[PDB]
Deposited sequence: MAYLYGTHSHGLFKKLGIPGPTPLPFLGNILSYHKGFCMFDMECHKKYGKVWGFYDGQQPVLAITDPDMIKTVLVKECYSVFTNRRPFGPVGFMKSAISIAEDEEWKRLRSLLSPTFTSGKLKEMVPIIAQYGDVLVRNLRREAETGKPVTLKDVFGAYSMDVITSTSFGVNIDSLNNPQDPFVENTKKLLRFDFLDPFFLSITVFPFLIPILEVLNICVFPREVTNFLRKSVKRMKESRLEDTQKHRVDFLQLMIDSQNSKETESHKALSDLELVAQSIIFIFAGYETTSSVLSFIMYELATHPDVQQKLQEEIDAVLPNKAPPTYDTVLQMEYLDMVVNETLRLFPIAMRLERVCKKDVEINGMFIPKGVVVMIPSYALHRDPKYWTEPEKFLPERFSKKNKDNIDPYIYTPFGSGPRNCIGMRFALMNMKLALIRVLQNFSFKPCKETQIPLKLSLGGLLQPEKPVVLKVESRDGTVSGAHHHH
């Protein structure tokens, strides 16, 4: 029973139950459990997901040591989850030097400059987003934002990943919309992670085996046709590391879809919940959007980077709702960091959500206050506490793309509409008690036309 480990190391934490460990304690969610451990235990604690020891760490130096200083040597991979099948080749899932290769091959895809070329295609769908919003706006009926934002998120994806171009909300069941639609179990992994190789030998998959088979073929539909977008950029690359294979490109595409789809849509919904429940911040943003882009002029790459308040609204939103919730690295070797022994196989965990709401680093942390990210105040913000995109060599590769995409949505939408709360709006919003950082009730708000 692996449940003596922290107890030996002199590291504190909750007593595990046989077999389940501390998972019973997840009934309020990952987040509330992390906060309560933090406030009960201080700078470090340990717990067991089943038999898996997990060590939480909250010292910023120690966090930097783990995420950055000792990344390639010790804290290189994430907690293995499965069964993944061919998606083991996905970059977010791959390990050790197999990953170091993929990161290299896929990096220039995400540069400052390549993102600059991607904006005019993201624009044409900002319009779509607005005319989609208008036909819901002139019909005075509260709007579920995950739906209209989700549709925009997806529109960006298929063009930026494959050059495909659809009006998904309206324009129909396109041969591409319904596969990507397959966009309770994942807990019972952890009492039984010895069953992963069982499923992995039953060829089952957490990526529905028909979606992938479609993209696997739909991507190999797009390849031999050409012979602007991620596919392009990846394909152009395979012309020091071995070039990207053919099933590898598919799995990365899948990861880009998974990554971008329910992230862009959900943050955008959080931002509009906050903007609507704070009518004044919406006002200041709408002023900035008009002083920079007068006469509803179309946003650009450089004018997006110019909007400082827009950036403050985005950053603070992700402080309250960091959708990763936690960052995790597998300790791959017996190791000591900043005066603490961490033994092999331990999963080291950084409770991002809990650290973003710590009253010790943040005043009024449950309040939404975009002035903490002002040039005046922004300096006092430890980048190893605020880590909505991770840090170090393994942080979110799509960071600059995520931000640009979202801001482009916001600017366009805020140029035509203000957003009020509605009687069905959940005030105060509540996080889905499950494993995902989404709201319980979906965000429904009033939309008006300026």
For this chain, which runs of the deposited sequence have no C-alpha coordinates, given in order from the N-terminus?
1-7, 191-197, 242-248, 261-265, 477-487
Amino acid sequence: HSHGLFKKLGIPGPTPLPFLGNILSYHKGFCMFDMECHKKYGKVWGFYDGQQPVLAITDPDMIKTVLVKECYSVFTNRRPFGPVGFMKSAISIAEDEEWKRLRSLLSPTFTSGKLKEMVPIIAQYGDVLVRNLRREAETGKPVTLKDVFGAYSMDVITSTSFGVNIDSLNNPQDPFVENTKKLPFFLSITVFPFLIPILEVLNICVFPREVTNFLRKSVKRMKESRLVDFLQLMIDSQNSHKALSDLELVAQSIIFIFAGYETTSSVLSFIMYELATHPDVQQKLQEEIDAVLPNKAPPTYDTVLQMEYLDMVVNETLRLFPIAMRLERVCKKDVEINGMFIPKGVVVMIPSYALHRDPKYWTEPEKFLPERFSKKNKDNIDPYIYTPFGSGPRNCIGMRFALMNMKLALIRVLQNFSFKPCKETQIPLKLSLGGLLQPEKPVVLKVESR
From here on, numbers count along this sequence of modelled residues.
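By rigid core we mean the largest C-alpha set that fits within 1.5 Å across both forms.
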Consider 106-114 and 174-182 separately and indicate which one has Cα atoms farther, on average, from the shown form in 9 other deposited structures of this protein after rigid core alignment.
174-182
With the rigid core as the fit anchor, does 305-313 or 76-84 show bigger C-alpha shifts in 9 other deposited structures of this protein?
76-84
Compare the other PDB entries of this protein and indicate whether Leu227 is left unmodelled in at least a third of them.
yes
Check this for me: in at least a third of the other entries compared, is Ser188 absent while its neighbours are modelled?
no
Do the CA atoms of 184-192 or those of 248-256 have the higher mean B-factor in the entry?
184-192
With B-factors read from the PDB entry, the higher C-alpha mean of 22-30 and 421-429 is in 421-429
In this PDB entry, which of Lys344, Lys367, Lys217, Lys284 has the top CA B-factor?
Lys217
Determine which member of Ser352, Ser153, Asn77, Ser168 has the highest CA B-factor, using the values in the deposited entry.
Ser168
Taking the C-alpha B-factors as the PDB entry records them, is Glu274 in the lowest, middle or highest third of its chain?
lowest
Assert third(CA B-factor, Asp334) within chain per record equals middle
Among all modelled residues of this chain, ranked by Cα B factor, put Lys446 in the bottom, middle or top third, i.e. lowest, middle or highest.
highest
Chain thirds by Cα B factor, record data; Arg101 belongs to the middle
Please rank the C-alpha B-factors of the chain's modelled residues and tell me whether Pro208 sits in the lowest, middle or highest third.
highest
